[PDB]
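Here you get one chain, nothing else, as structure tokens; it is the form deposited without 4-nitrobenzenesulfonamide (4NZ).
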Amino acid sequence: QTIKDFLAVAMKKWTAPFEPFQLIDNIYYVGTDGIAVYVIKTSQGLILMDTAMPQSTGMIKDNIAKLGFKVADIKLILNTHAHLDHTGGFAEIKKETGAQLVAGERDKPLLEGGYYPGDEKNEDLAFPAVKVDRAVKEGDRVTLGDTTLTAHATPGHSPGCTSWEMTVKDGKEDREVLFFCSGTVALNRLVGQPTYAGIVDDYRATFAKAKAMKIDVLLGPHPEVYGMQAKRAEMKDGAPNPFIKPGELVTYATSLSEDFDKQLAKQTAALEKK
């Protein structure tokens, strides 16, 4: 991986438009073609799940309005993890709306500083700093009106990476949704000068945890996590909701664990003096 390539991709597919849509029950997709953002409609206002790159905040606000929502009705902002491709609009939206920001406790310093962990002087990974109103840990519950989400600590990709669980209806039946936080290696350093202390252990705890969770609908902060576009194509009035795939988090976490092993080996070999 190169940071140049990360930025190149980040300034292309990550900023390209995608038509917003009702995904399941009160969960609506309002992200880009490469970064997933969601509105959760409650009886007491909107919950915003993540934002996108700093340059894309206007696009996200536009997508919200395209669905008939008001940006002003956002009361809570939740974060999966504190990297600029997910936090770029937090300061702006929080100021505009007066919403409270909720995030994993170990990501609080990242959010409040607007920097990438272990690469804190890199301005192309910086974002506008934002205050955290509530810092969460494993099992904490966050409620707006009729809707409650449960925090799960799934560190590795960031130290405070938080996967959020909530129940939706599919017809008469409950289905459990996870907004998985990310388990990719991406720009992180695993060995040598690791991005943060204990990162390797965190990733492997997270892959195992993910495989053991009872989840009907896998979501995530990039559409690639759950094959969003292919599922959207299969949506049809009266047909089963294609986002319900209860074995998918096991399959996806297995693919992540296998890639993790590859990247750990690669970085370990790269540390050898040549």
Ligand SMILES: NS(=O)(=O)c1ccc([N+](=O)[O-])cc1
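Heads up: residue numbers just count along the shown sequence, starting at 1.
If you look for the form solved in complex with 4-nitrobenzenesulfonamide (4NZ), you will not find it shown, but the lines that follow are about it.
J.: So, 41, 69 and 94: all three within 4.5 Å of 4-nitrobenzenesulfonamide (4NZ) in the deposited bound form by heavy atoms, or not?
T.: No residue of the spot touches 4-nitrobenzenesulfonamide (4NZ) in the deposited bound form.
J.: In the deposited bound form, which of 77 to 85, 102 to 110, 128 to 136, 189 to 197 comes within 4.5 Å of 4-nitrobenzenesulfonamide (4NZ) (heavy atoms)?
T.: Partner-contacting stretch among the options: 77 to 85.
J.: Would you mind picking the one in 18, 260, 14, 252 that has a heavy atom within 4.5 Å of 4-nitrobenzenesulfonamide (4NZ) in the deposited bound form?
T.: Checking each option against 4-nitrobenzenesulfonamide (4NZ) in the deposited bound form, the one that comes within 4.5 Å is 14.
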